[PDB]
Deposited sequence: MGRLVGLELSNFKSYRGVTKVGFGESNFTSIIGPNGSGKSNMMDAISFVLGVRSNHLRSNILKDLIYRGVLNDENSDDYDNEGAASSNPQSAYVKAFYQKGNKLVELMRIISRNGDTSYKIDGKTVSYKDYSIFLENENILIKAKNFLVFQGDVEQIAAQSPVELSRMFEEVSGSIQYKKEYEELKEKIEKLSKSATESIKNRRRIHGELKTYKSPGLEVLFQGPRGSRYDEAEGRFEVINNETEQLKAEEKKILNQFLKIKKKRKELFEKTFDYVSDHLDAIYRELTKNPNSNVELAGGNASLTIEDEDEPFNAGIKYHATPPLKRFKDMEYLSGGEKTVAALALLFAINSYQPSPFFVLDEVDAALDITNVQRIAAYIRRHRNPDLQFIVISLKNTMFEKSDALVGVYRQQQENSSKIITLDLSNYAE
């Protein structure tokens, strides 16, 4: 599916009603000067989708704010809406009809938008962590992306008690197989992706019998060099290693779109080029990239642009769009 557009109502810095159309762009860059409101725009996307990484949203010189997302599910265009009242009460709607967060989560969870793992949203300043996180954390994420985290509770309950053991092996077999169903795929596609962004990278399970109970050691070796511990990589190197992991992990159950804030902040002009190349080379109707960049090197190669600017009198962010597929 595709994120066709958004509609914000007193969202953050977006006073009044704002419409954002992505058109048929499968590579859109949200550009604009510092403080104009680009990240608020991502905050709006993460908001409609659920995601908890409240009244502090709602514009401030109204009593409630809402965001709508127009998702393209096959022939039909689905409208996903979410509201916040000043008291904190949220409400979800689908095609206008109110629904529960469970029904909401599932709709999304079915289109491969796991607001649980958040593995499709890289917020400003967070890109390097995807690589630099600890093996325990990386493991936790795998457990989170595969879904193996569910059996985490029960597995713990039955784990402590010690015929009650068959109920433990039975569940262990699920947490483990579900965990591997994702890890194995990611591992197999990791090196190709890292090399394209360049090179050599790999993942390594520590507790082989119960991988979910230990770290996952991520190793990346930029080209002309030779080391492996993320400790040695530089900022730009760590960024590229991170974007590779990020893409590898998403390769299993592909989200329909990515929303990357300033992922290129620490990059070379050469590296910005490789990321842009990769994005362009892989973007398509099924994989849409929404990127927030301050670098021309990055947004030049976009299909379209969502320009954000301030209108000081009105104290609000504003939007204008441009289609670069023509120039």
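According to the record, the deposited residues with no C-alpha atom in the structure span 1, 55-61, 70-88, 190-252, 289-299, 429-430.
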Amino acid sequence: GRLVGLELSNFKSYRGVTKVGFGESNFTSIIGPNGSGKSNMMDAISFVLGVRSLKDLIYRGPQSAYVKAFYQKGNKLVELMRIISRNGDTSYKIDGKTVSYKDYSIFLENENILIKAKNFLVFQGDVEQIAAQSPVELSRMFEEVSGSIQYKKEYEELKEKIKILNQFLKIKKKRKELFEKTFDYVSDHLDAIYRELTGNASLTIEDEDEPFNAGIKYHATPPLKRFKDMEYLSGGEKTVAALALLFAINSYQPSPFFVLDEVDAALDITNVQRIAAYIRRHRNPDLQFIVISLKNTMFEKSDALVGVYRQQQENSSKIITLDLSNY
From here on, numbers count along this sequence of modelled residues.
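Mean CA temperature factor is higher for 73-81 when stretches 177-185 and 73-81 are set side by side in the entry. Averaged over their C-alpha atoms, the temperature factors of 233-241 and 109-117 are higher for 109-117. The residue among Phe142, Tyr101, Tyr218, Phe247 whose C-alpha atom has the highest B-factor in the PDB entry is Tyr101.
When all modelled residues of the chain are sorted by CA temperature factor, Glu210 is found within the highest third.
In the PDB entry, a CA B factor belonging to the middle third of its chain's modelled residues is recorded for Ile94. Residue-level temperature factors show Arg60 in the highest third of its chain, judged at the C-alpha atom. Ranked by C-alpha B-factor against the other modelled residues of its chain, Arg52 falls in the highest third. In the deposited entry, the Cα temperature factor of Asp191 places it in the lowest third of its chain's modelled residues.
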